[PDB]
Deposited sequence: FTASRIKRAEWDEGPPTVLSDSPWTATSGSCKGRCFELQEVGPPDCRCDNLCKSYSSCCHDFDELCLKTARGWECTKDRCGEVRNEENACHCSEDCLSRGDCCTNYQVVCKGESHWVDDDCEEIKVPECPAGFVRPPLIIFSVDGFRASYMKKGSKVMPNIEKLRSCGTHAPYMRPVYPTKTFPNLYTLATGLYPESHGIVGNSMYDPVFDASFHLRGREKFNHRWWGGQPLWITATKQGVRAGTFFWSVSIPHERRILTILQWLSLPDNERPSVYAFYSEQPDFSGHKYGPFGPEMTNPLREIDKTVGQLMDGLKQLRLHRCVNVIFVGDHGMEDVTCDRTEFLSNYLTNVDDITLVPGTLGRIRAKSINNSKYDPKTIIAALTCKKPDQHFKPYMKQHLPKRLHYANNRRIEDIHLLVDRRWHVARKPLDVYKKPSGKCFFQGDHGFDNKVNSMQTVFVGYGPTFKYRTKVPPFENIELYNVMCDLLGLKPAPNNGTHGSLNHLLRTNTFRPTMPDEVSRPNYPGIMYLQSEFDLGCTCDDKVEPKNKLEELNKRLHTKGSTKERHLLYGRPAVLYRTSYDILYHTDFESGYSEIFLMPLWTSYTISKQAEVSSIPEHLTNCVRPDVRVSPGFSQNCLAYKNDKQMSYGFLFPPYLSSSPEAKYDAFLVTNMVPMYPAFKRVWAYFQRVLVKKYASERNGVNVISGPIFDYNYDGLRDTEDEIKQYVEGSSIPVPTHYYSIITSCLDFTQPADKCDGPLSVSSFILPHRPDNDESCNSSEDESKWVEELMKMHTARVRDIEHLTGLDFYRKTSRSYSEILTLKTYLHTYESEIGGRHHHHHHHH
C-alpha cells in the first residue's frame, strides 16, 4: 500500500528514499507504483520541449516549462542545456578544440571532481569506429580522453549481471546476479526482469559503489531511472543535482540508456535502423557536456562512458531444441536463449539424472550449436560456478544461436514467425559481446589508448576517482593505473608466507620402495662437477626468468634445481606446485628413448615418504602419469634423465595425456619458434569445490587409488616471452607478453567432438577455449608470479590480468 496523496512539491528527484506507505518522488518511484499524485505534473514537465530557441531568450520564468531560458536560469541551475549557445553566443562543447585537462578546474566549494557514469545498454565495441561519423560528442570524448579499443564484459553477457559487476567489481557468481532470470533454491524464489521479486535486497550481494561511497561519507546520486523518464529529463536532473549546495550535492552520478540495446534486439547490431539510436545517444552526451560547460564543470567532472555488453545477429530460425535430443524433455526446466541452464522440473522426481542428460546432449549432431557442461567443467576464465543460483548443467551456446526446450516456446500463433534480429549473453570472449570504455576528465589521461581490459576492474578505479577504499572485489587494484593521470593506487607485492627448503642429496637409492624402475644404470671429474653445479642452481638464471613464484599460504615445499628446469616441490601434495623452464627459439625436440619409456627415477633429494610411487599407478586402472617438465625438450641425452625423476611426475588420465603430450611435444616448440623463445611455468590445480580458489588438503575428493597422491582438477601453463619479439625470451629488455591456460583434467575428451582425429585438429582448439589470466592461476594455486622483473609493479599487474582471447580483429 502507498498513501499516494502526499505531495512532490519541492521534492522532485529527492535523493533519500522515503519508506512505505508514504509516497515517493525519487527517480525510481514509477517502478514501484509509489509516486505521489502530483509527480508527473511537478517533476516530469515537458512544456515547450528541451531546447531554448531565439525567441525564448530572456523570457519571464514560467515554472510550467520543461527547462528555462530566462536570465535567472543559470543561478537556478535549470536552463535548457543549449541555453548559452542559443542566447549567449557560446559554442557547443563538441565544437571546441580539445585542450588537455592537466588539473581539475572546479567551482569553489567542490571537495573533489564529481564522477558521472554514463552507461549505455548493448553498446557493442565496434560501434565506436563504425558509428563515429554519426557520434561526434562521443568521438570527442574518445579521441580526447582515455579509451580502450574494447572492454570485456562478464559472463553471461546479459544486462543485470554486467551492470551489477560494474557497480561491485565482483564476478556474477560472487555478487549473486548470475542471469537476468534466476531461481534460488534456498529462498525458493525466482528473479525475473518483469515484476517485484528483483527489488528484494536478498538477491544483491557484495557492496555496490553507491553504498561504498555513502559509508565513507561521499554522497551518491540515485543510480537507477524509471524507464518512462525521458533521457533529457535524466540529464537535466543530474545537472540540477550538480547545482545543489556543497553539503547536499552528490559526488557520484549515473545515467543509463536503454539504447542501443532496445533497437539492437529488433534490428540486429548493424541494422540500418541502428543509426538513429546512435545519433540520439550522441545528442544526449552533447546535452550533458553542454550542460556541464554552462555550469563551468566541463573541466572538473570525470565522465565514464561505458557499456554493459555488445550485440550479435541472432534470429529464431537459429535455435536448437532440446526436444530433438532428450526423450524426457518434460522432466526438465530450461533457462533458455543465448545460454542454457537446466535443472529438474520436480525435486520429487527420483528418475531425473544429470549424467544421462549430459550424455544425450553431447556431440549428437554434426554441427550442433551448443555444448553441454557440468558447471565445474566450464572454462575457469568464466568464473561461473560457485553460486547455488547457477544450475549444475550448463549449455554454452555458439554465437548467433539460441537454445530452447521445445519449438512451441519460440514461435507464436498465428504465423509462427519471430521478429528479433539481435541478442547477447554468449561467452564473454566473443567479439560481438565486447563493449566500450572511455574515461574523460582531469583524473584520466589525455589522448591515451589503453589495452582492452575487463569490466571487473572498473569498481576499483571508480573508488580511486572518488577517494574511496574499495570493498573486497575481483579486480586487481593497480592493474588499471595506466588509465589515470593521478589518484593511482600503489600496492605492495604480497609477502611470501612459506619459505622453501633447498635439499641436497640425502637418500640412498635402496631406501626407496616405490615399485619404479629405470634403465639408468648406464655409466669423470670434468663433467661430474658440472652436473653438481646444475643441481645447486647454476642454470636457474636461464629457467627461472622472473624470480621464483612466492607461496602465499603455509606449506612445506622444496626447491629442486636441474639442468633444464626448476621446480617448487610440495611435500604435502607430493608433486610440484610449479615447474619453470625456458625453451629458446633454437631448441630441438627429441623423443623419449625406448629404454626410458617406463622409466621413473627416485629423487635422492626427497624422502621416500614424500614421494609418489609407481605401484599406485600400476594398480589404478583409470590413472596414468605425465611429467611437468617435458622429456621431449631435454637439452641433451644426459639431461633427459632428470625429466624422469619421480618429483617431476603428475597424475594424468590417459585421455588427458593425449592433450598434454601434444602440448609438450608440438606446441611448446611452436610457440618458441613464433615468439623467439618462451619461458613456461606449469603445474597442477586443485579446485574440487569450484570456487576459483586453491583447495586445502582436506578438500581433495580424488586420489590415485590406494595412495595419498591427490588428483588435480586442472593443469595450468603460463607462457611468457618478450613483447618485442626481436629479443629472445631470456634476454628481454622491456615489457613482457604472456598467454596462459587452465586445462580441465578430464578422464575423457567428450568436450572435444573431433577428438578421434589427430591431435593437430582439436587440441589447440581445446586450449584456446581454456585460455586464462595469470591472475586466475594465482587464485587457484596461492602463488604469486613475476616477483623479480625490471618492470613497474602496476605494469606487472596489468600483465597478470591479460587474457589471450584468440578472436580475430
Legend entry - Regions left out of the model, expressed as runs of the deposited sequence counted from 1: 1 to 23, 547 to 548, 835 to 846
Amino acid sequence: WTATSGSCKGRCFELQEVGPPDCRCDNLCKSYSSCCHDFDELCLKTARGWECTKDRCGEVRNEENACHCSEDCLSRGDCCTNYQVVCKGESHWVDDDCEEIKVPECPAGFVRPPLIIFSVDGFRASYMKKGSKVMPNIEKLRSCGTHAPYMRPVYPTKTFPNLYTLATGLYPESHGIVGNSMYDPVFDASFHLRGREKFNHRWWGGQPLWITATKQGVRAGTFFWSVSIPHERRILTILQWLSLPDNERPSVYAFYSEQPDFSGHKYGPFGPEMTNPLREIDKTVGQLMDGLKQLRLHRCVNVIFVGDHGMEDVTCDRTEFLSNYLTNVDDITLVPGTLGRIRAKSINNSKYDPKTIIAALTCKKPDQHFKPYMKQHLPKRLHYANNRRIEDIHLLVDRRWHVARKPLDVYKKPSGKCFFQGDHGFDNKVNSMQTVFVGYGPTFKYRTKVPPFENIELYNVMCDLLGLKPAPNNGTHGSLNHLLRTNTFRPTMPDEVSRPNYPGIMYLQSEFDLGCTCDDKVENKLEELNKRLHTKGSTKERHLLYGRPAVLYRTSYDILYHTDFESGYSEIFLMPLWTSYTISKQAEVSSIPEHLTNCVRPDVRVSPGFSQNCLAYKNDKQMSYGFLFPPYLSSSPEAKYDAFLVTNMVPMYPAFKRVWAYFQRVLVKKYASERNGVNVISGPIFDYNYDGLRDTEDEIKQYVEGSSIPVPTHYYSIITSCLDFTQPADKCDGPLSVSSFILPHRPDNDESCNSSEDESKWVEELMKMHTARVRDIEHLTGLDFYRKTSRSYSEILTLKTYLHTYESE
From here on, numbers count along this sequence of modelled residues.
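By rigid core we mean the largest C-alpha set that fits within 1.5 Å across both forms.
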Inset, instruction - Compare 708 to 716 with 405 to 413 and report which one shows the larger root mean square C-alpha deviation from this form in 6 other deposited structures of this protein once the rigid core is superposed. - result: 405 to 413
Inset, instruction - Quick one: core-superposed, which stretch strays further from the shown model in 6 other deposited structures of this protein, 730 to 738 or 418 to 426? Go by RMS C-alpha distance. - result: 418 to 426
Inset, instruction - Would you mind comparing 224 to 232 and 425 to 433 for me and telling me which has the higher average C-alpha temperature factor in the entry? - result: 224 to 232
Legend entry - Greater mean Cα temperature factor according to the PDB record, 261 to 269 or 96 to 104: 96 to 104
Legend entry - Criterion, highest CA B-factor; candidates, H369, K293, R675, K355: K355
Legend entry - Among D642, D313, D392, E527 - the residue whose C-alpha B-factor is largest in the record: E527
Inset, instruction - Could you look up the Cα B-factor of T801 in the entry and say which third of the chain it sits in: lowest, middle or highest? - result: lowest
Legend entry - Where the record places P747 (Cα B-factor, split into thirds across the chain): middle
Inset, instruction - State the tercile, meaning the lowest, middle or highest third, of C79 with respect to the CA B-factors recorded for its chain. - result: highest
Inset, instruction - Consider only the C-alpha atoms of the modelled residues in this chain, order them by B-factor as the entry records it, and name the third containing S590: lowest, middle or highest. - result: highest
Inset, instruction - Please place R775 in the lowest, middle or highest third of its chain by C-alpha B factor as given in the entry. - result: lowest
